[PDB]
Structures are given as structure tokens and as C-alpha cells.
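J.: The deposited numbering puts the first residue of the sequence shown at 0, with every later residue one more than the last. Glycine is no exception: its CB is placed at the ideal position from the N, C-alpha and C atoms. If you scroll down you'll find the structure; I have some questions about it.
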Amino acid sequence: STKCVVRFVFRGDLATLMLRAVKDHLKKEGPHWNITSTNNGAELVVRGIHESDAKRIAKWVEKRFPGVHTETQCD
Numbered sequence: 000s001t002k003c004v005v006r007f008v009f010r011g012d013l014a015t016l017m018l019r020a021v022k023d024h025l026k027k028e029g030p031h032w033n034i035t036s037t038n039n040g041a042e043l044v045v046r047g048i049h050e051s052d053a054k055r056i057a058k059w060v061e062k063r064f065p066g067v068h069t070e071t072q073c074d
């Protein structure tokens, strides 16, 4: 089945706080998800998720943290 990577890049004075708040939310709904942090705690990478969930979590973060950069790549 298709699997996807989603990358969130937070910018600004609260970027690291935003990343951790979002990571907490995603781990609550996907405790088994492969979620790691890069770019000095400003980039959040979620690996190996279904396309339906990648789009849903993309829309969730963009609605609430509009200044985030969101990239989704599926396989």
C-alpha cells in the first residue's frame, strides 16, 4: 500500500514550542508513528503513514499554525 512522508517546518520565535505541541498531538493519535525532529528542533518529520492520514494531519496543522511549511511525499 501507499506510504507517505510529511515534513513540517516551523518558523519564528515560537517555532520549537509549536513543533513540540504538534508532535504531542500527533503521537496521541498515532503512538506508533515514526516521528522525528531535525533542523535544530524546527523541522518535524512523520514517516510511513497512509495517504489518508498524511493529508488529514497536513490540513490539521495548516489550519492552526498557518505559517508552517508543509511537504508531503508519498510512495
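According to DSSP, is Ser0 helix, strand or coil?
T.: To locate residue 0, count along the sequence shown from 1; it is residue 1. The answer is coil: DSSP assigns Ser0 none of H, G, I, E or B.
J.: Which residue marks the beginning of the beta strand (DSSP E) containing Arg46, and which one marks its end?
T.: For the purposes of this step, residue 46 is taken as residue 47 along the sequence shown, with counting starting at 1. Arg46 -> beta strand (DSSP E) spans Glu42 to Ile48.
J.: Three-state secondary structure (DSSP) at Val21?
T.: Along the sequence shown, read from residue 1 onward, the residue named residue 21 stands at position 22. Note: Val21 maps to helix in three-state DSSP.
J.: Apart from the five residues on each side of it in sequence, which residues of its chain come closer than 6 Å, Cβ to Cβ, to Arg6?
T.: The count along the sequence shown starts at 1 and reaches residue 6 at position 7. Result list for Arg6: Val44 and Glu70, in chain order.
J.: So, do the segment 9 to 17 and the segment 50 to 57 have three or more beta carbon pairs nearer to each other than 8 Å?
T.: In short, these stretches do not touch, since the Cβ pair count stays below three.
J.: For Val5, would you say it is in contact with chain C, using Cβ-to-Cβ distances shorter than 8 Å as the test?
T.: Absent from the structure: chain C. Only one protein chain is present.
J.: Report the three-state DSSP secondary structure of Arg6 (helix, strand or coil).
T.: Locating residue 6 in the sequence shown gives position 7, where the first residue counts as 1. Correct three-state label for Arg6: strand.
J.: Please report the straight-line C-alpha distance between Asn38 and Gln72, rounded to a whole angstrom.
T.: By 1-based counting over the sequence shown, the position of residue 38 is 39. By 1-based counting over the sequence shown, the position of residue 72 is 73. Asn38 and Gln72: Cα-Cα distance of roughly 18 Å.
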